[PDB]
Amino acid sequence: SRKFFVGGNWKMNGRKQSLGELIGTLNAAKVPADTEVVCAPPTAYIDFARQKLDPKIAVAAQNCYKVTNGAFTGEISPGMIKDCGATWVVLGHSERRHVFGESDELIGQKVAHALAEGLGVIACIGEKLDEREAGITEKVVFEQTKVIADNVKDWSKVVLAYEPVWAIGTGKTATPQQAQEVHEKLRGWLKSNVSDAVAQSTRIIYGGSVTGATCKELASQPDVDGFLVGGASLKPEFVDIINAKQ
């Protein structure tokens, strides 16, 4: 009975005028009560976004650091995120891992601290192309999930996001069947390494290519519980993804 979860990752896009407009559109849309919607604005606009967005939509930070305060020029802490009214943080996003070199160890530390501070965490995992081509999809993704799991006590405020990095900007297409396949292996890992209740209740959302015209078939997959949306989250079509299970 897992509640459909749709996250919108705006990445490094937008300004007050365009984002205010995007927010206006989301506020005007009807969001199904059985759908949990979260938007992740650029870090300069967390406060702005929370002020303008309907309380029904939650706000997420796109990243955070692993202690509450300190000499870390350019970083923000979970405490600041909560202070701005945001209730989630995205951690371990492929861009942080593969453009900014964030290690699993660091990601684990961030998860532990964010959860301790009272945030929910959208914890991202995923294998690159070379990893998949070498047949170590499972090794890579189970290892990433284990690091996350080793830093989670209460799974109620965690959502796992599978990013098929091998099929993001590579020329490869991930089929719904390939997505379902990994999601099923991930849920199996939870069942096997945590508990049946956790496996059954934890949302595992898809972070690959999703558009208004692809989301239905993906959402239909039994182990896909929603989406972490990239580019489409900036467009009115995001509303259609929110309404995938309608």
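Position 1 is the first residue in the sequence shown; the rest follow in order.
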| property | result |
| --- | --- |
| Given 174-182 and 28-36, the range whose Cα B-factors average higher in the PDB entry | 28-36 |
| Segment of higher mean CA temperature factor, 193-201 or 65-73 | 193-201 |
| Residue of maximum C-alpha B factor among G135, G169, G120, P78, per deposited coordinates | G135 |
| Relative C-alpha B-factor of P222, binned into the chain's lowest, middle or highest third | highest |
| Where the record places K235 (Cα B-factor, split into thirds across the chain) | highest |
| Third assignment of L53 from its chain's C-alpha B-factors | highest |
| Modelled-residue ranking by C-alpha temperature factor, third containing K110 | lowest |
| CA B-factor ranking of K128, expressed as a third of its chain | middle |
